[PDB]
file final03.csv (CSV, C-alpha atoms)
chain,number,residue,atom,x,y,z
A,4,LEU,CA,12.6,1.3,12.6
A,5,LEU,CA,10.1,0.7,15.4
A,6,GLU,CA,6.9,2.6,15.1
A,7,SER,CA,4.2,3.1,17.8
A,8,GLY,CA,1.0,5.0,18.7
A,9,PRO,CA,-2.8,4.3,18.6
A,10,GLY,CA,-4.4,2.6,15.6
A,11,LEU,CA,-7.7,4.3,16.3
A,12,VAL,CA,-8.2,8.1,16.4
A,13,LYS,CA,-11.5,10.0,16.7
A,14,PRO,CA,-12.7,12.5,14.1
A,15,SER,CA,-11.5,16.0,15.0
A,16,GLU,CA,-8.9,14.6,17.5
A,17,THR,CA,-5.1,14.3,17.2
A,18,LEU,CA,-3.2,11.4,15.7
A,19,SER,CA,0.2,10.9,17.5
A,20,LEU,CA,3.0,8.5,16.5
A,21,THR,CA,6.6,7.8,17.4
A,22,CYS,CA,9.5,6.0,15.9
A,23,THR,CA,12.7,5.0,17.6
A,24,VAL,CA,15.8,5.8,15.5
A,25,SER,CA,19.5,5.9,16.4
A,26,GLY,CA,21.0,8.7,14.2
A,27,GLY,CA,20.3,9.6,10.6
A,28,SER,CA,20.3,13.0,9.0
A,29,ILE,CA,16.8,13.4,7.6
A,30,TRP,CA,13.6,12.2,9.3
A,31,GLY,CA,10.2,12.0,7.9
A,32,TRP,CA,6.7,10.6,7.7
A,33,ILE,CA,4.9,9.1,4.7
A,34,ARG,CA,1.4,7.7,4.6
A,35,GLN,CA,-0.6,5.4,2.4
A,36,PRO,CA,-4.5,5.3,2.5
A,37,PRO,CA,-5.9,1.7,1.9
A,38,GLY,CA,-5.3,0.7,-1.8
A,39,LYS,CA,-3.6,4.1,-2.6
A,40,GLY,CA,-0.2,5.5,-3.4
A,41,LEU,CA,2.4,7.0,-1.1
A,42,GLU,CA,1.9,10.5,0.2
A,43,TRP,CA,4.7,12.6,1.9
A,44,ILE,CA,3.6,14.2,5.1
A,45,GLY,CA,6.8,16.1,6.2
A,46,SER,CA,10.6,16.0,6.7
A,47,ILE,CA,13.1,17.4,9.2
A,48,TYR,CA,16.7,17.9,8.2
A,49,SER,CA,19.7,17.6,10.6
A,50,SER,CA,19.9,21.4,10.3
A,51,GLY,CA,16.4,21.7,11.8
A,52,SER,CA,15.0,22.8,8.4
A,53,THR,CA,11.5,21.4,8.2
A,54,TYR,CA,9.0,20.9,5.4
A,55,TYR,CA,5.4,19.9,5.3
A,56,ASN,CA,2.9,18.8,2.6
A,57,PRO,CA,1.1,22.0,1.8
A,58,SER,CA,-2.3,20.3,1.7
A,59,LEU,CA,-1.7,19.3,5.3
A,60,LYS,CA,0.7,22.0,6.6
A,61,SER,CA,-1.8,23.7,9.0
A,62,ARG,CA,-2.3,20.4,10.9
A,63,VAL,CA,1.2,18.7,11.0
A,64,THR,CA,3.7,18.8,13.8
A,65,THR,CA,6.9,16.8,13.5
A,66,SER,CA,9.7,16.7,16.0
A,67,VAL,CA,13.1,14.9,16.2
A,68,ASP,CA,15.1,14.4,19.4
A,69,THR,CA,18.3,12.4,18.5
A,70,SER,CA,19.5,12.2,22.1
A,71,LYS,CA,16.4,10.3,23.1
A,72,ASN,CA,16.5,8.1,19.9
A,73,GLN,CA,13.0,9.4,18.8
A,74,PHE,CA,11.1,11.2,16.2
A,75,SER,CA,7.4,12.0,16.4
A,76,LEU,CA,4.4,13.1,14.3
A,77,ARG,CA,1.2,14.8,15.4
A,78,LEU,CA,-1.7,15.4,13.1
A,79,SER,CA,-4.6,17.5,14.5
A,80,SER,CA,-8.2,17.7,13.5
A,81,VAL,CA,-8.2,14.4,11.7
A,82,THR,CA,-11.0,13.2,9.5
A,83,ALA,CA,-11.7,9.9,7.7
A,84,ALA,CA,-9.5,11.5,5.0
A,85,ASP,CA,-6.4,10.8,7.3
A,86,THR,CA,-7.1,7.1,7.6
A,87,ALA,CA,-3.9,5.4,6.4
A,88,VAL,CA,-0.9,3.3,7.0
A,89,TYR,CA,1.7,5.8,8.4
A,90,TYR,CA,5.4,5.2,7.9
A,91,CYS,CA,8.3,7.0,9.5
A,92,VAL,CA,11.4,7.2,7.4
A,93,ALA,CA,15.1,7.9,8.3
A,94,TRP,CA,17.8,8.8,5.8
A,95,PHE,CA,21.4,7.7,6.7
A,96,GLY,CA,22.9,7.6,3.2
A,97,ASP,CA,26.6,6.6,2.7
A,98,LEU,CA,27.5,5.6,6.2
A,99,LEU,CA,30.5,3.3,6.5
A,100,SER,CA,31.2,0.9,3.6
A,101,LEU,CA,27.3,0.9,3.2
A,102,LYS,CA,25.5,3.0,0.6
A,103,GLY,CA,22.2,4.8,0.3
A,104,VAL,CA,20.8,3.7,3.6
A,105,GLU,CA,17.2,4.6,4.3
A,106,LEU,CA,15.3,2.9,7.0
A,107,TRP,CA,11.5,2.6,7.1
A,108,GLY,CA,9.2,1.9,9.9
A,109,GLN,CA,7.0,-1.2,9.5
A,110,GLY,CA,4.0,1.0,9.0
A,111,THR,CA,1.1,1.7,11.5
A,112,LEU,CA,-2.4,1.6,10.3
A,113,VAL,CA,-4.4,4.5,11.8
A,114,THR,CA,-8.1,4.4,11.4
A,115,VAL,CA,-10.0,7.6,12.0
A,116,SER,CA,-13.4,6.6,13.4
A,117,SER,CA,-15.8,7.5,16.2
A,118,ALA,CA,-16.7,3.8,16.6
A,119,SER,CA,-15.4,2.0,19.6
A,120,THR,CA,-12.4,-0.4,19.7
A,121,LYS,CA,-13.8,-3.9,19.9
A,122,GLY,CA,-11.8,-7.1,20.6
A,123,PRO,CA,-12.3,-10.3,18.7
A,124,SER,CA,-14.1,-13.5,19.7
A,125,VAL,CA,-12.0,-16.5,18.7
A,126,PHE,CA,-13.7,-19.7,17.5
A,127,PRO,CA,-12.3,-23.1,16.4
A,128,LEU,CA,-12.4,-24.1,12.7
A,142,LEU,CA,-7.9,-26.8,10.9
A,143,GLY,CA,-8.0,-23.1,11.8
A,144,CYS,CA,-9.1,-20.2,14.0
A,145,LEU,CA,-12.0,-17.8,13.3
A,146,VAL,CA,-11.3,-14.3,14.4
A,147,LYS,CA,-14.6,-12.5,14.4
A,148,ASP,CA,-16.3,-9.2,15.1
A,149,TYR,CA,-13.4,-6.9,15.8
A,150,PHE,CA,-12.5,-3.2,15.2
A,151,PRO,CA,-10.4,-1.6,13.9
A,152,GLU,CA,-7.8,-3.5,11.8
A,153,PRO,CA,-5.4,-5.1,12.2
A,154,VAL,CA,-5.5,-8.5,13.7
A,155,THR,CA,-2.3,-10.7,13.7
A,156,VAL,CA,-2.1,-14.5,14.1
A,157,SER,CA,0.7,-16.8,15.0
A,158,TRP,CA,0.7,-20.5,15.8
A,159,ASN,CA,2.6,-21.5,19.0
A,163,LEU,CA,4.7,-23.6,13.7
A,164,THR,CA,5.0,-21.3,10.7
A,165,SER,CA,4.8,-23.7,7.6
A,166,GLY,CA,1.5,-24.3,5.9
A,167,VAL,CA,0.0,-21.3,7.7
A,168,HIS,CA,-2.5,-19.1,5.7
A,169,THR,CA,-4.0,-16.0,7.3
A,170,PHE,CA,-6.7,-14.5,5.0
A,171,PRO,CA,-7.6,-10.8,4.7
A,172,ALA,CA,-10.4,-9.6,6.9
A,173,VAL,CA,-14.0,-9.2,5.6
A,174,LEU,CA,-15.8,-6.0,6.6
A,175,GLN,CA,-19.3,-7.2,7.6
A,176,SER,CA,-22.4,-5.1,7.4
A,177,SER,CA,-22.0,-4.7,11.2
A,178,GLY,CA,-19.1,-2.4,10.5
A,179,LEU,CA,-16.9,-5.0,12.2
A,180,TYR,CA,-14.2,-7.1,10.7
A,181,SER,CA,-13.7,-10.9,10.8
A,182,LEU,CA,-10.9,-13.1,9.4
A,183,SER,CA,-9.7,-16.7,9.2
A,184,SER,CA,-6.3,-18.4,9.6
A,185,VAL,CA,-5.7,-22.0,8.4
A,186,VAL,CA,-3.0,-24.6,8.9
A,199,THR,CA,-2.9,-23.3,19.1
A,200,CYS,CA,-3.5,-19.9,17.4
A,201,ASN,CA,-2.3,-16.7,19.1
A,202,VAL,CA,-4.4,-13.8,18.0
A,203,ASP,CA,-3.2,-10.3,18.7
A,204,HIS,CA,-5.6,-7.3,18.5
A,205,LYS,CA,-3.4,-4.4,19.8
A,206,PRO,CA,-6.1,-1.7,19.4
A,207,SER,CA,-8.2,-3.4,22.0
A,208,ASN,CA,-5.1,-4.9,23.9
A,209,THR,CA,-6.4,-8.4,23.4
A,210,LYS,CA,-4.4,-11.6,23.0
A,211,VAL,CA,-6.3,-14.9,22.6
A,212,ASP,CA,-4.8,-18.4,22.5
B,3,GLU,CA,3.4,16.3,-10.2
B,4,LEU,CA,5.0,12.9,-10.9
B,5,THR,CA,3.2,10.7,-13.4
B,6,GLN,CA,3.7,6.9,-13.7
B,7,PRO,CA,1.7,4.4,-15.8
B,8,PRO,CA,-0.7,2.6,-13.5
B,9,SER,CA,0.5,-0.9,-14.6
B,10,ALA,CA,3.4,-2.7,-16.3
B,11,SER,CA,4.0,-6.3,-17.1
B,12,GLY,CA,6.9,-8.6,-17.9
B,13,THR,CA,7.9,-12.2,-18.5
B,14,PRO,CA,10.2,-14.2,-16.2
B,15,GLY,CA,13.9,-14.1,-17.2
B,16,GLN,CA,13.2,-11.0,-19.3
B,17,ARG,CA,13.0,-7.2,-18.7
B,18,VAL,CA,10.6,-4.4,-17.9
B,19,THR,CA,10.9,-0.6,-17.8
B,20,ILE,CA,8.8,1.7,-15.6
B,21,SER,CA,8.6,5.4,-16.5
B,22,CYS,CA,8.3,8.5,-14.3
B,23,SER,CA,7.3,11.8,-15.8
B,24,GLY,CA,7.8,15.2,-14.0
B,25,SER,CA,8.9,18.7,-14.7
B,26,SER,CA,12.0,21.0,-14.5
B,27,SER,CA,11.3,21.9,-10.8
B,28,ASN,CA,11.5,18.2,-9.8
B,29,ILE,CA,13.0,15.6,-12.0
B,30,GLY,CA,14.7,18.3,-14.2
B,31,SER,CA,16.7,19.7,-11.4
B,32,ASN,CA,16.6,17.1,-8.6
B,33,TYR,CA,17.7,13.5,-7.9
B,34,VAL,CA,15.2,10.7,-8.6
B,35,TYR,CA,14.5,7.9,-6.1
B,36,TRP,CA,12.7,4.6,-6.7
B,37,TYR,CA,10.9,2.3,-4.3
B,38,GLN,CA,9.6,-1.2,-4.4
B,39,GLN,CA,6.5,-2.1,-2.4
B,40,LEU,CA,5.2,-5.6,-1.9
B,41,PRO,CA,1.6,-5.7,-0.7
B,42,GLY,CA,1.3,-5.0,3.0
B,43,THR,CA,5.0,-4.3,3.3
B,44,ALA,CA,7.1,-1.1,3.8
B,45,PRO,CA,8.4,0.5,0.6
B,46,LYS,CA,12.1,-0.4,0.0
B,47,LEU,CA,14.6,2.1,-1.6
B,48,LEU,CA,15.9,0.7,-4.9
B,49,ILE,CA,17.6,3.6,-6.5
B,50,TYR,CA,19.0,7.0,-5.2
B,51,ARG,CA,20.8,9.8,-7.0
B,52,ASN,CA,19.0,8.8,-10.3
B,53,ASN,CA,21.1,5.7,-10.9
B,54,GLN,CA,22.7,4.4,-7.7
B,55,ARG,CA,21.7,1.2,-5.8
B,56,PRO,CA,21.8,1.1,-2.0
B,57,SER,CA,23.7,-1.8,-0.5
B,58,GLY,CA,21.6,-5.0,-0.6
B,59,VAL,CA,19.6,-4.0,-3.7
B,60,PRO,CA,20.1,-6.6,-6.6
B,61,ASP,CA,21.9,-5.1,-9.7
B,62,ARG,CA,18.8,-6.4,-11.6
B,63,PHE,CA,17.4,-2.9,-10.7
B,64,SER,CA,18.8,0.1,-12.5
B,65,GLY,CA,17.7,3.7,-13.0
B,66,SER,CA,18.2,6.5,-15.5
B,67,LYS,CA,17.0,10.1,-16.0
B,68,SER,CA,16.3,11.7,-19.3
B,69,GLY,CA,15.5,15.4,-19.0
B,70,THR,CA,12.3,15.6,-17.0
B,71,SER,CA,11.6,11.9,-17.2
B,72,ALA,CA,13.1,9.0,-15.3
B,73,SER,CA,13.0,5.2,-15.7
B,74,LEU,CA,13.5,2.2,-13.6
B,75,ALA,CA,14.7,-0.9,-15.4
B,76,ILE,CA,14.4,-4.5,-14.0
B,77,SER,CA,16.3,-7.3,-15.6
B,78,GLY,CA,16.2,-11.1,-14.9
B,79,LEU,CA,12.6,-10.8,-13.9
B,80,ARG,CA,11.1,-13.1,-11.3
B,81,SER,CA,7.6,-13.7,-10.0
B,82,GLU,CA,8.7,-12.2,-6.6
B,83,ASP,CA,9.2,-8.8,-8.5
B,84,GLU,CA,5.4,-8.5,-8.8
B,85,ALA,CA,4.9,-5.3,-6.7
B,86,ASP,CA,4.1,-1.6,-6.7
B,87,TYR,CA,6.9,0.7,-7.8
B,88,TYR,CA,7.2,4.3,-6.9
B,89,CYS,CA,9.3,7.2,-8.2
B,90,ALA,CA,10.1,10.2,-5.9
B,91,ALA,CA,11.9,13.5,-6.1
B,92,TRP,CA,12.2,16.9,-4.3
B,93,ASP,CA,10.2,19.7,-6.0
B,94,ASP,CA,12.0,23.1,-5.9
B,95,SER,CA,8.8,25.0,-6.4
B,96,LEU,CA,6.6,23.3,-3.8
B,97,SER,CA,9.6,22.7,-1.5
B,98,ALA,CA,8.2,19.3,-1.1
B,99,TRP,CA,8.9,15.6,-1.6
B,100,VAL,CA,6.6,14.3,-4.3
B,101,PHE,CA,5.8,10.7,-5.2
B,102,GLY,CA,4.6,9.2,-8.4
B,103,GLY,CA,1.2,7.5,-8.3
B,104,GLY,CA,2.9,4.2,-8.6
B,105,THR,CA,3.1,1.4,-11.1
B,106,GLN,CA,1.8,-2.1,-10.4
B,107,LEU,CA,4.1,-4.7,-12.0
B,108,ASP,CA,2.5,-8.0,-12.9
B,109,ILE,CA,4.7,-11.0,-13.9
B,110,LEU,CA,3.2,-13.0,-16.7
B,111,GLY,CA,3.3,-16.7,-17.7
B,112,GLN,CA,1.5,-18.1,-14.6
B,113,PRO,CA,-0.5,-21.2,-15.5
B,114,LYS,CA,-4.2,-21.3,-14.7
B,115,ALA,CA,-4.9,-22.8,-11.2
B,116,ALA,CA,-8.2,-24.2,-9.8
B,117,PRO,CA,-9.0,-22.9,-6.3
B,118,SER,CA,-8.4,-24.8,-3.1
B,119,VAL,CA,-11.7,-24.6,-1.2
B,120,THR,CA,-12.3,-25.3,2.5
B,121,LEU,CA,-15.7,-25.1,4.2
B,122,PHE,CA,-15.9,-25.0,8.0
B,123,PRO,CA,-19.1,-25.4,10.0
B,124,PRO,CA,-19.9,-23.3,13.0
B,125,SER,CA,-18.1,-24.6,16.2
B,126,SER,CA,-20.3,-26.1,18.9
B,134,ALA,CA,-23.5,-19.6,13.9
B,135,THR,CA,-21.0,-18.6,11.2
B,136,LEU,CA,-20.0,-20.6,8.1
B,137,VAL,CA,-16.5,-20.0,6.8
B,138,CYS,CA,-15.6,-20.7,3.2
B,139,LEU,CA,-11.8,-20.3,2.4
B,140,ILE,CA,-10.7,-20.1,-1.2
B,141,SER,CA,-7.0,-20.2,-1.9
B,142,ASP,CA,-4.2,-20.6,-4.5
B,143,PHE,CA,-6.2,-19.6,-7.7
B,144,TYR,CA,-5.0,-17.9,-10.9
B,145,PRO,CA,-6.2,-15.6,-12.3
B,146,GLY,CA,-7.8,-13.6,-9.5
B,147,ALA,CA,-11.5,-13.7,-10.1
B,148,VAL,CA,-14.0,-16.0,-8.3
B,149,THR,CA,-17.8,-16.3,-8.3
B,150,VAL,CA,-19.2,-17.5,-5.0
B,151,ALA,CA,-22.7,-18.9,-4.3
B,152,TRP,CA,-24.3,-20.4,-1.3
B,153,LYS,CA,-26.9,-23.2,-0.9
B,154,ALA,CA,-29.2,-24.0,2.0
B,155,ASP,CA,-30.0,-27.7,1.3
B,156,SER,CA,-30.6,-27.2,-2.4
B,157,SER,CA,-32.0,-23.7,-2.5
B,158,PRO,CA,-29.7,-20.6,-3.1
B,162,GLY,CA,-26.4,-13.0,5.0
B,163,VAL,CA,-23.6,-13.5,2.6
B,164,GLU,CA,-20.4,-11.3,2.8
B,165,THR,CA,-17.6,-12.2,0.5
B,166,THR,CA,-14.2,-10.5,0.4
B,167,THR,CA,-12.8,-9.1,-2.8
B,168,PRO,CA,-10.0,-11.4,-4.2
B,169,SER,CA,-6.5,-10.4,-3.3
B,170,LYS,CA,-2.9,-11.4,-4.1
B,171,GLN,CA,-1.1,-13.9,-1.9
B,172,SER,CA,2.6,-14.0,-1.4
B,173,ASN,CA,3.0,-16.8,-4.0
B,174,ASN,CA,1.3,-14.3,-6.4
B,175,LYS,CA,-1.8,-16.6,-6.6
B,176,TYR,CA,-5.1,-15.3,-5.2
B,177,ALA,CA,-7.3,-15.7,-2.1
B,178,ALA,CA,-10.8,-14.9,-1.0
B,179,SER,CA,-13.1,-15.8,1.9
B,180,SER,CA,-16.9,-16.0,2.0
B,181,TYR,CA,-18.9,-15.8,5.2
B,182,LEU,CA,-22.4,-16.9,6.0
B,183,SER,CA,-24.0,-15.5,9.2
B,184,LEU,CA,-26.9,-17.6,10.5
B,185,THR,CA,-28.8,-18.0,13.8
B,186,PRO,CA,-28.2,-21.3,15.6
B,187,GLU,CA,-31.8,-22.2,14.8
B,188,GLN,CA,-31.3,-21.6,11.0
B,189,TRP,CA,-28.3,-23.9,10.9
B,190,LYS,CA,-30.1,-26.8,12.8
B,191,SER,CA,-33.2,-26.8,10.4
B,192,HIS,CA,-31.3,-27.9,7.3
B,193,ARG,CA,-29.7,-31.2,6.2
B,194,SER,CA,-26.7,-29.3,4.8
B,195,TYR,CA,-25.2,-26.0,3.7
B,196,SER,CA,-23.0,-25.5,0.6
B,197,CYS,CA,-20.2,-23.1,-0.6
B,198,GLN,CA,-20.0,-23.2,-4.4
B,199,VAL,CA,-17.0,-21.6,-5.9
B,200,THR,CA,-16.9,-20.8,-9.6
B,201,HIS,CA,-13.5,-20.0,-11.3
B,202,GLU,CA,-13.1,-19.9,-15.1
B,203,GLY,CA,-16.4,-21.7,-15.6
B,204,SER,CA,-15.4,-24.5,-13.2
B,205,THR,CA,-17.4,-24.9,-10.1
B,206,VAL,CA,-16.4,-26.9,-6.9
B,207,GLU,CA,-19.0,-27.4,-4.2
B,208,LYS,CA,-18.1,-28.0,-0.6
B,209,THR,CA,-20.7,-29.1,1.9
B,210,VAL,CA,-21.1,-29.3,5.7
B,211,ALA,CA,-23.9,-30.9,7.8
B,212,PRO,CA,-25.7,-30.1,11.1
call {"tool": "encode", "arguments": {"input": "final03.csv", "output": "structure tokens"}}
result
Amino acid sequence: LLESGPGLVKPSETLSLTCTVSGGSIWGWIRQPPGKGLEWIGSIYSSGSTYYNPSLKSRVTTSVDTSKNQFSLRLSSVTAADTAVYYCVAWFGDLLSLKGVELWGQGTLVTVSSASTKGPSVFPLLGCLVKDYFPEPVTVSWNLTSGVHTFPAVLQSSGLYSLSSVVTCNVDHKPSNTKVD
Amino acid sequence: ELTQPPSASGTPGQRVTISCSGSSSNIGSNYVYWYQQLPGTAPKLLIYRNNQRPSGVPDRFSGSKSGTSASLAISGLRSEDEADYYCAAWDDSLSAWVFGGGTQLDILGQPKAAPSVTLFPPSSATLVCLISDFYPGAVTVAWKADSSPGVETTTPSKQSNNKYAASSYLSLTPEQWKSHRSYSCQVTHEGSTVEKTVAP
């Protein structure tokens, strides 16, 4: 499924995300804080029946509109505690000849922070140095796929990330809407 | 609510079993579901209804449920199976979907591998030391200015080929970089140190 919405949300504000889906009978949201396990947020059934994680239930809004191929999540009054990769999930089950179909979004990292979004500066290494950006993530393509190694970001003392990619590099930093060749 | 052992391991070609422990309100009365999650990837459904495979899941994966416990079995193990595995089930008493804490599966029998080390100078100041393809996943990193020992070094992490990577960074001012004959990234792995050097 295709997932979208800001990767940066301020403390006390509202996280909003959408997934496009065509059909299904159960729709839900699952999250995973960095280095942690999966945590169910909520589900909506085709009947409209709706269930939320009790530790979150005051802050969660989920909605489905199947005619507009969408389902959505809002999470109000966020804190650093809500920093996580968020996944939307759609159950189809036994459809045609296919069995147990459950589609997952690719996962969207949402960082709860009052710090500003900051685009990267790109420097030549061969490779490309992607430095001093915030928040994660940065993605890198070349033009070339073989022999490409993009490393995990360092978090520097500045509170900003930097990473390196080794083999024209195409750096994408969606949170700041920055694409560097 | 659902307990899994934090880690499991197996040997290529062989088998592993991963357990999931719950209660009568979840596993005892409800279907169990299993997920595979490769690092930085979406979880993938392996098993539904306790013991059924979705289309496109290898029959190397199988599930069973024994009272208030469930188990995922993986046969014909491969290095690519190295991942986190999660059980899940509905809980009648919380009216909630609950997940196990997850089990990290390590695949054994990897030979030891010296790190590939690449030191970049600052382009025409930050020094970038890239350490790749090492096993096991521990590295000691040390920097030299000329001969004498702003360092930020990433925790090691698993690559896709199940070997390990790390990067070390050295921030300098342009004047600091110019006033030395060389700078060095020294990488120690299993008591074996390789030095890389760059020169202003």
call {"tool": "interface_residues", "arguments": {"input": "final03.csv", "of": "chain B", "to": "chain A", "cutoff": "7 Å", "atoms": "only C-alpha atoms", "output": "list in words"}}
result
residues 44, 47, 50, 56, 57, 98, 99, 100, 101, 103, 104, 122, 125, 164, 165 and 166 of chain B
call {"tool": "atom_distance", "arguments": {"input": "final03.csv", "atom1": "CA of residue 7 (chain A)", "atom2": "CA of residue 208 (chain A)"}}
result
13.7 Å
call {"tool": "atom_distance", "arguments": {"input": "final03.csv", "atom1": "CA of residue 5 (chain B)", "atom2": "CA of residue 59 (chain A)"}}
result
21.2 Å
call {"tool": "residues_around", "arguments": {"input": "final03.csv", "residues": "region 172-188 of chain B", "least_positions_apart": "5", "cutoff": "10 Å", "atoms": "all atoms listed in the file", "output": "PyMOL selection string"}}
result
(chain A and resi 168-173+175+181-183) or (chain B and resi 40-41+81-85+108-109+112+114-115+117-121+123-124+126+134-148+150-152+154+162-167+195+197+199)
call {"tool": "closest_residue", "arguments": {"input": "final03.csv", "among": "A:35, A:83, A:15, A:125", "to": "residue 42 (chain B)", "atoms": "all atoms listed in the file"}}
result
A:35
call {"tool": "build_atoms", "arguments": {"input": "final03.csv", "residues": "region 98-112 of chain A", "atoms": "N, CA, C and O atoms", "output": "short mmCIF file (atom, residue, chain, number, x, y, z; two decimals), in the coordinates of the input"}}
result
data_model
loop_
_atom_site.label_atom_id
_atom_site.label_comp_id
_atom_site.auth_asym_id
_atom_site.auth_seq_id
_atom_site.Cartn_x
_atom_site.Cartn_y
_atom_site.Cartn_z
N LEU A 98 27.14 5.55 4.76
CA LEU A 98 27.50 5.60 6.20
C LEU A 98 28.96 5.13 6.37
O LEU A 98 29.87 5.97 6.47
N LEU A 99 29.17 3.82 6.48
CA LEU A 99 30.50 3.30 6.50
C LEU A 99 30.87 2.84 5.10
O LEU A 99 30.96 3.68 4.20
N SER A 100 31.07 1.54 4.92
CA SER A 100 31.20 0.90 3.60
C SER A 100 29.78 0.75 2.94
O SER A 100 29.70 0.34 1.78
N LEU A 101 28.71 1.08 3.67
CA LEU A 101 27.30 0.90 3.20
C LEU A 101 26.79 2.17 2.48
O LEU A 101 27.08 3.30 2.89
N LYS A 102 25.99 1.96 1.44
CA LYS A 102 25.50 3.00 0.60
C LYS A 102 24.00 3.20 0.57
O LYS A 102 23.26 2.22 0.71
N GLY A 103 23.56 4.45 0.42
CA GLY A 103 22.20 4.80 0.30
C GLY A 103 21.23 4.20 1.29
O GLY A 103 20.16 3.69 0.95
N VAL A 104 21.61 4.28 2.57
CA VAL A 104 20.80 3.70 3.60
C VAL A 104 19.58 4.54 3.97
O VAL A 104 19.73 5.69 4.40
N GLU A 105 18.40 3.96 3.81
CA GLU A 105 17.20 4.60 4.30
C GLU A 105 16.28 3.59 4.91
O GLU A 105 15.88 2.59 4.29
N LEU A 106 15.99 3.82 6.18
CA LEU A 106 15.30 2.90 7.00
C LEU A 106 13.85 3.31 7.08
O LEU A 106 13.59 4.49 7.19
N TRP A 107 12.94 2.35 7.03
CA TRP A 107 11.50 2.60 7.10
C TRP A 107 10.95 1.91 8.28
O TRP A 107 11.39 0.82 8.64
N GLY A 108 9.99 2.56 8.93
CA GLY A 108 9.20 1.90 9.90
C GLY A 108 8.36 0.81 9.24
O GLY A 108 8.25 0.78 8.00
N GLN A 109 7.78 -0.08 10.05
CA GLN A 109 7.00 -1.20 9.50
C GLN A 109 5.64 -0.71 9.01
O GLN A 109 4.99 -1.39 8.21
N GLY A 110 5.21 0.46 9.46
CA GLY A 110 4.00 1.00 9.00
C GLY A 110 2.88 0.74 10.06
O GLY A 110 2.69 -0.39 10.48
N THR A 111 2.17 1.79 10.44
CA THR A 111 1.10 1.70 11.50
C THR A 111 -0.15 2.16 10.87
O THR A 111 -0.26 3.33 10.52
N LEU A 112 -1.12 1.25 10.76
CA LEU A 112 -2.40 1.60 10.30
C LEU A 112 -3.15 2.44 11.34
O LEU A 112 -3.34 2.02 12.49
#
